[PDB]
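Q: Let me give you the structure first, and then I'll get to my questions.
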Amino acid sequence: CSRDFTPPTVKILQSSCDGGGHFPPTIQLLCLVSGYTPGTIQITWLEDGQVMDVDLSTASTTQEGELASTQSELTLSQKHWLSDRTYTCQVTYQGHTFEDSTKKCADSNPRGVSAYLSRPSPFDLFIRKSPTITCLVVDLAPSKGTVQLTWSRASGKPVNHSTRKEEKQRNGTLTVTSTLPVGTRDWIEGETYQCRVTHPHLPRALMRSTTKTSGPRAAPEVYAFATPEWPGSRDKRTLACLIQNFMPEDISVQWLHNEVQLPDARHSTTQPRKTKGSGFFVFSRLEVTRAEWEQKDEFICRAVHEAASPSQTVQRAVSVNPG
Amino acid sequence: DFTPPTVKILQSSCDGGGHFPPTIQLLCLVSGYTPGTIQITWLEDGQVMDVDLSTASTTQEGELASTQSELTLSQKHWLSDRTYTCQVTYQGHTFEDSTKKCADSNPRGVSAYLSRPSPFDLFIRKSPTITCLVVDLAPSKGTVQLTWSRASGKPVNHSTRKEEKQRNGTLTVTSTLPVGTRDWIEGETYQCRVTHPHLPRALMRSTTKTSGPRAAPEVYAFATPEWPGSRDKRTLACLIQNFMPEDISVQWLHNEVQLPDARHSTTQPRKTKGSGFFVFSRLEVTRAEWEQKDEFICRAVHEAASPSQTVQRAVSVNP
Ligand SMILES: *[C@@H]1O[C@H](CO)[C@@H](O[C@@H]2O[C@H](CO)[C@@H](O[C@@H]3O[C@H](CO[C@H]4O[C@H](CO)[C@@H](O)[C@H](O)[C@@H]4O)[C@@H](O)[C@H](O[C@H]4O[C@H](CO)[C@@H](O)[C@H](O)[C@@H]4O)[C@@H]3O)[C@H](O)[C@H]2NC(C)=O)[C@H](O)[C@H]1NC(C)=O
Ligand SMILES: *[C@@H]1O[C@H](CO)[C@@H](O[C@@H]2O[C@H](CO)[C@@H](O[C@@H]3O[C@H](CO[C@H]4O[C@H](CO)[C@@H](O)[C@H](O)[C@@H]4O)[C@@H](O)[C@H](O[C@H]4O[C@H](CO)[C@@H](O)[C@H](O)[C@@H]4O)[C@@H]3O)[C@H](O)[C@H]2NC(C)=O)[C@H](O)[C@H]1NC(C)=O
């Protein structure tokens, strides 16, 4: 009887702290699905949006009377809980989905504002040829002043107009992002840019500066490799790229396939680390699919770096299929 | 044959923003025990709470009973740091567990981390240790007390202790504790307790073996081709992936000898796009080495590998 149809609701409980207020070594998240009309159900856990493998959780369904109830328990290390990740319990039931999320409760006193200033990316500098720098202001407490953000150059020369975006975050904080276009010649010849930040709730101004990294230059070497085919990887293959011996550390790494620049999200790429000698190195890992290599069996690891010649780029291709 | 009751308390979680709900539920679970007389009483700071504040119920499944009691608290009361005790009396014997609001994880901007043993130290060296690290504490007066304990309450050995004033003017305290190889593998919980005169209260971290699924690493090793201008050097790269849990040790061997840790680097474990973790390890080698013997071994030590927690792959510079 339709009038008796009962939709699931979703609630997450967590392992309690002890009598001292301390976390247990492991945290259980228990996703409870309230009594609902019987019918196929599936529970999926997400970590910061990413599907977690079902291995990490267990699910149990009970029916008592005319209502079904389901719970799923996810177990996490204290370390991971304390890293402030967000976990989502996703329930799919007869069509649409229901969900709930949780993370470590926020600390008592939200701390103060901080600001970060980034250099242009090599990609923007050399490929797009529209370099910008970004001043990011975080941990703002809303409904106060406005947070003044002013750009200037060491030379005293004029700055271009910047864009400004304010975003309310889930944890209740505010971030303010200002992006400033910089002259290409200006940047490359060593101009210094300053972001100056002020707010009523701030005692003295925050001042951040950025300029091209000085010192020795060296071009990157690029090497792309495929893991072998084996029973555990018949319709997917893992590619890897090692980029090394470059200086300074500023580099942009992308994977290209079939005239498309793949989304950054597709690969896991390390931040530059010093070699055992001179220069830096980065590793990139990219999992590809059969559909991709059957479309075009060519995957290109490309590095953009000021010291690569002729055109600030070095790349290597890898194929996974004999043809 | 007889299964005694155990007690555990769960509670309403904070939302995706880390915000508290309007009310807090505490749920005391006594799961899977031999049926018998049972009572669940809640205490607030040691005093029995009114009967109308909680509702207890019991069900039977096969040879076991399961009991639970739900207590609802105002956010205000939870946030006031009162302690709540679930007091279970089963066949005239009392079992208790207690909870209060989780304390700040980063008081005064301080952070504290606690590691698990390295698989190399645990399985090869047979002398596992864990390390408690505390960062960003003020160089004010008073000493930083860093004490170790086991959840079981069994003895611990002495530990190392090192404090260093950092370039940014902050202070970090490090302590390393030797643990029982068997004690650790069997699931002991180790606790690092930090007290700073400037800190409001003791800060604790706890660690124990993974309880998740296990999966052995796949190891693949590659040699860079010669790069123009670099005739007498090559780089070896080792991709180790799809292992679980994430704890892993990597070594390289050449001419049957394990190379010094300083010869190579390994990335921090990170998730693959599906199950498990991966790391990359990198080893620069010289013509003199590969001409002496052209075989280099990338070896992973991991609890899921067998027979002896080890899986490896050799690579050569030349065909
Ligand atoms: C003032 O200057 C000091 C300089 O020392 C800074 O202190 C550093 O702060 C960082 C960040 O807090 C510390 O990094 C943390 O290290 C933990 C322990 O790892 C050590 O031990 C393991 C295991 O043996 C080694 O593998 C590792 O190399 C270290 O030796 C980690 O467990 C922490 O992990 C967390 O952060 C990482 C970031 O990569 C995340 O990926 C994890 O998910 C997790 O959240 C963390 O990495 C570091 O130890 C400190 N350096 C030193 C030398 O002590 C201060 O931060 C700085 N203060 C200010 C205000 O700038
Ligand atoms: C409430 O919620 C928000 C998130 O919604 C949190 O805001 C984050 O706060 C952290 C720390 O304050 C911010 O981390 C900083 O990010 C900078 C920018 O990152 C991007 O841009 C750079 C430059 O283009 C890229 O390199 C990078 O890949 C990102 O795309 C970094 O530049 C900063 O790095 C510095 O600190 C880190 C510490 O991790 C060091 O490792 C670095 O070496 C360097 O010193 C820094 O990481 C983060 O950007 C914020 N996220 C936002 C705004 O979206 C709040 O922290 C949270 N509040 C509470 C109470 O937790």
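Labels for the structure tokens follow display order: chains A, B, ..., residues from 1 in each chain, ligands from 1.
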Need to verify the contact set: residue 178 of chain A, 10 Å, only C-alpha atoms, exclusion of same-chain residues closer than 6 positions in sequence. Can you return it as a VMD selection string?

A: chain A and resid 117 133 to 137 149 to 151 162 to 166 195

Q: Take the residues from that selection and put them in a file with N, CA, C and O atoms, as an mmCIF file, in the first residue's frame.

A:
data_model
loop_
_atom_site.group_PDB
_atom_site.id
_atom_site.type_symbol
_atom_site.label_atom_id
_atom_site.label_comp_id
_atom_site.auth_asym_id
_atom_site.auth_seq_id
_atom_site.Cartn_x
_atom_site.Cartn_y
_atom_site.Cartn_z
ATOM 1 N N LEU A 117 50.713 32.805 -1.347
ATOM 2 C CA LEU A 117 50.920 33.424 -2.653
ATOM 3 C C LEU A 117 51.727 32.488 -3.544
ATOM 4 O O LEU A 117 52.819 32.056 -3.168
ATOM 5 N N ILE A 133 49.502 35.034 -10.858
ATOM 6 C CA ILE A 133 49.826 34.631 -9.499
ATOM 7 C C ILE A 133 48.567 34.721 -8.656
ATOM 8 O O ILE A 133 47.678 35.538 -8.929
ATOM 9 N N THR A 134 48.488 33.881 -7.632
ATOM 10 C CA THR A 134 47.283 33.813 -6.819
ATOM 11 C C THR A 134 47.542 34.011 -5.333
ATOM 12 O O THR A 134 48.380 33.342 -4.737
ATOM 13 N N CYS A 135 46.807 34.949 -4.748
ATOM 14 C CA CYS A 135 46.857 35.184 -3.316
ATOM 15 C C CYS A 135 45.618 34.570 -2.684
ATOM 16 O O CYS A 135 44.484 34.967 -2.986
ATOM 17 N N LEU A 136 45.840 33.601 -1.804
ATOM 18 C CA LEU A 136 44.756 32.861 -1.180
ATOM 19 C C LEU A 136 44.682 33.194 0.302
ATOM 20 O O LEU A 136 45.660 33.028 1.024
ATOM 21 N N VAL A 137 43.523 33.659 0.755
ATOM 22 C CA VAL A 137 43.339 33.980 2.162
ATOM 23 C C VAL A 137 42.366 32.988 2.779
ATOM 24 O O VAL A 137 41.242 32.834 2.295
ATOM 25 N N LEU A 149 42.623 43.229 0.062
ATOM 26 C CA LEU A 149 43.695 42.515 -0.614
ATOM 27 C C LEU A 149 44.235 43.411 -1.719
ATOM 28 O O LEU A 149 43.520 43.735 -2.666
ATOM 29 N N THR A 150 45.482 43.848 -1.574
ATOM 30 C CA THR A 150 46.068 44.799 -2.520
ATOM 31 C C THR A 150 47.372 44.287 -3.125
ATOM 32 O O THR A 150 48.255 43.804 -2.416
ATOM 33 N N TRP A 151 47.489 44.404 -4.442
ATOM 34 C CA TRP A 151 48.682 43.946 -5.137
ATOM 35 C C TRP A 151 49.609 45.099 -5.427
ATOM 36 O O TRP A 151 49.155 46.211 -5.677
ATOM 37 N N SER A 162 42.827 42.689 -10.824
ATOM 38 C CA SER A 162 42.794 41.303 -10.386
ATOM 39 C C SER A 162 41.351 40.839 -10.238
ATOM 40 O O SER A 162 40.436 41.656 -10.150
ATOM 41 N N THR A 163 41.141 39.529 -10.209
ATOM 42 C CA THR A 163 39.799 39.019 -9.984
ATOM 43 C C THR A 163 39.725 38.606 -8.532
ATOM 44 O O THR A 163 40.740 38.268 -7.932
ATOM 45 N N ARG A 164 38.525 38.621 -7.966
ATOM 46 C CA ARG A 164 38.374 38.298 -6.557
ATOM 47 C C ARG A 164 37.148 37.432 -6.358
ATOM 48 O O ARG A 164 36.063 37.750 -6.846
ATOM 49 N N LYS A 165 37.339 36.334 -5.642
ATOM 50 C CA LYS A 165 36.276 35.372 -5.409
ATOM 51 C C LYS A 165 36.245 35.049 -3.927
ATOM 52 O O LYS A 165 37.273 34.737 -3.336
ATOM 53 N N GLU A 166 35.066 35.152 -3.326
ATOM 54 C CA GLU A 166 34.885 34.756 -1.938
ATOM 55 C C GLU A 166 34.022 33.507 -1.894
ATOM 56 O O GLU A 166 32.972 33.460 -2.533
ATOM 57 N N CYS A 195 51.343 40.620 -2.307
ATOM 58 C CA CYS A 195 49.950 40.627 -1.894
ATOM 59 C C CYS A 195 49.875 41.125 -0.453
ATOM 60 O O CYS A 195 50.485 40.539 0.442
#

Q: Distance limit 6 Å, reference ligand 2, atoms considered: only C-alpha atoms and all ligand atoms. Which residues make the cut? Give them as a list in words.

A: residues 110, 116, 118, 138, 139, 169, 171, 173 and 175 of chain A

Q: Here is a test: counting only C-alpha atoms and all ligand atoms, which residue of A:309, A:83, A:34, A:295 is nearest to ligand 1?

A: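 Using only C-alpha atoms and all ligand atoms, ligand 1 sits closest to A:83.
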
Q: Compute the set of chain A residues within 7 Å of chain B, using only C-alpha atoms, and express it as a VMD selection string.

A: chain A and resid 12 to 25 53 55 to 56 86 101 to 108 170 to 171 223 227

Q: Residues within 7 Å of ligand 1 (only C-alpha atoms and all ligand atoms), as a PyMOL selection string?

A: (chain A and resi 80+83) or (chain B and resi 111+113-115+131+133+135-136+166-170+172)

Q: Out of segment 147-253 of chain A, which residues get alpha helix (DSSP H) from DSSP, as an MDAnalysis selection string?

A: chainID A and resid 184:188

Q: Would you save the residues of that selection, restricted to N, CA, C and O atoms, as a CSV table (one decimal), in the first residue's frame?

A:
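Contents of the output file selection11.csv:
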chain,number,residue,atom,x,y,z
A,184,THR,N,54.6,38.7,-19.0
A,184,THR,CA,55.5,37.6,-19.2
A,184,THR,C,57.0,38.0,-19.0
A,184,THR,O,57.8,37.5,-18.2
A,185,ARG,N,57.3,39.1,-19.8
A,185,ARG,CA,58.7,39.6,-19.7
A,185,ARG,C,58.9,40.1,-18.2
A,185,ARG,O,60.0,39.8,-17.7
A,186,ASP,N,58.0,40.8,-17.7
A,186,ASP,CA,58.1,41.3,-16.3
A,186,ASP,C,58.4,40.1,-15.4
A,186,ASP,O,59.4,40.3,-14.6
A,187,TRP,N,57.7,39.0,-15.4
A,187,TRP,CA,57.9,37.9,-14.5
A,187,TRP,C,59.3,37.3,-14.7
A,187,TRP,O,60.1,37.1,-13.8
A,188,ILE,N,59.6,37.0,-16.0
A,188,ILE,CA,60.8,36.3,-16.3
A,188,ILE,C,62.1,37.1,-16.0
A,188,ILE,O,63.1,36.5,-15.6

Q: With only C-alpha atoms as the atoms that count, which of A:245, A:238, A:75, A:213 lies nearest to residue 318 of chain A?

A: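 For residue 318 of chain A, the nearest of the candidates is A:238.
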
Q: State, in Å with one decimal place, the distance from atom CA of residue 176 of chain B to atom CA of residue 260 of chain B.

A: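 So the two atoms, atom CA of residue 176 of chain B and atom CA of residue 260 of chain B, lie 21.7 Å apart.
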
Q: Point out the residue among A:268, A:70, A:319, A:148 with the least atom-to-atom distance to residue 202 of chain A, counting only C-alpha atoms.

A: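 Ranking A:268, A:70, A:319, A:148 by distance to residue 202 of chain A, first place goes to A:148.
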
Q: Once DSSP has gone over the backbone, tell me which residues of segment 1-240 of chain A are in strand (DSSP E), as a ChimeraX atom specification.

A: /A:10-15,26-36,41-47,50-51,57-64,67-77,87-93,97-102,114-118,132-140,149-153,163-168,174-181,193-197,206-210,221-226,236-240
